[PDB]
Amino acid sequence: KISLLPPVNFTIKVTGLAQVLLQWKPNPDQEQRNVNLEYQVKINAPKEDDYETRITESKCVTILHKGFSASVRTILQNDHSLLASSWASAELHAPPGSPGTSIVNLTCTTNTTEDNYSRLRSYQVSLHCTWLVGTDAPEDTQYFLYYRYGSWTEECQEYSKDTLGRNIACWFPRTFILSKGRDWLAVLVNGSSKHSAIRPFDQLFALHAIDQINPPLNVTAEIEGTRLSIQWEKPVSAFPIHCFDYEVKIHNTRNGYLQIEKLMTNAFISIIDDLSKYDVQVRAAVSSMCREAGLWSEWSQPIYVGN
């Protein structure tokens, strides 16, 4: 004999950039707990999702510039039956401002370099972000950049500007972003004007999608008579050695004969002629075995070899 009561005190609070905490409490009017109740979270906007939880709170990572809406059920299930209560809902209203007041085309890029300034950590991670102002963007308005990785948040201090002195690009030589990180990069571009309201913009980036991979290093090609000998070095990244995909391009400068090998090893040797001149380039990308598929590096500086 059970009629399911919905949870109460359902809250949604912003806990950081693109990050909310859903909170609710079990209905105290629900018949004395002799059976284990669970809950079903449904996210209505801006991106639809639904899942279950054993507890009474849940963190949701989501953009906020479009507002946010969620609902939570009480669920009771065995095998004979499943019971679901009515929905307890809560929403965060969309930010005040006109649509054309927001920035346009937010593009961010992370890069890994070597950290000699700090013996505390291995490798730096830089952040370069660009955007457009907007058609309905006022002439007096200003923008502010913020990012978040994990539990750390920083505001930009290196702004590039346009004609009207309103911010259009950002630069972080140093970040809290982990070079082998596997969490989202929440980026926030806020606004302000004494003569209007500005709609902010936020975006979630995956590191594997924005991390510009550095080229293979020390690319050398030697001609030992009838064969070519090529070697390079696993680029400036925090990723080890058994985790890199390489493409090596051998171009016959004479007739244009072409050979490209996608490999993981750090050296390569093939046949050619004693007759022709060749130029060799190498290209790097983190293997699909350590992370999800990402960007390739630029080809190495063309090393023309032979004659």
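Numbers follow the displayed sequence, beginning with 1.
For the segment pair 42-50 and 248-256, the entry gives 248-256 the higher mean B-factor, averaged over Cα atoms. Legend: mean Cα B-factor per stretch from the PDB entry, 222-230 versus 154-162; the higher mean is in 222-230.
Remark: of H128, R73, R148, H195, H195 shows the highest value [criterion: C-alpha B-factor in the PDB entry]. Highest CA B-factor among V282, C243, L64, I269, as stated in the entry: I269. Per the deposited record, the Cα B-factor of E114 falls in the highest third when ranked against the other modelled residues of its chain. Annotation for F239: CA B-factor lies in the middle third of the chain's modelled residues. For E91, the recorded CA B-factor ranks within the middle third of the chain. Only modelled residues enter the ranking. Ranked within its chain, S81 lands in the middle third, by CA B factor from the PDB record.
For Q203, the recorded CA B-factor ranks within the lowest third of the chain. Only modelled residues enter the ranking.
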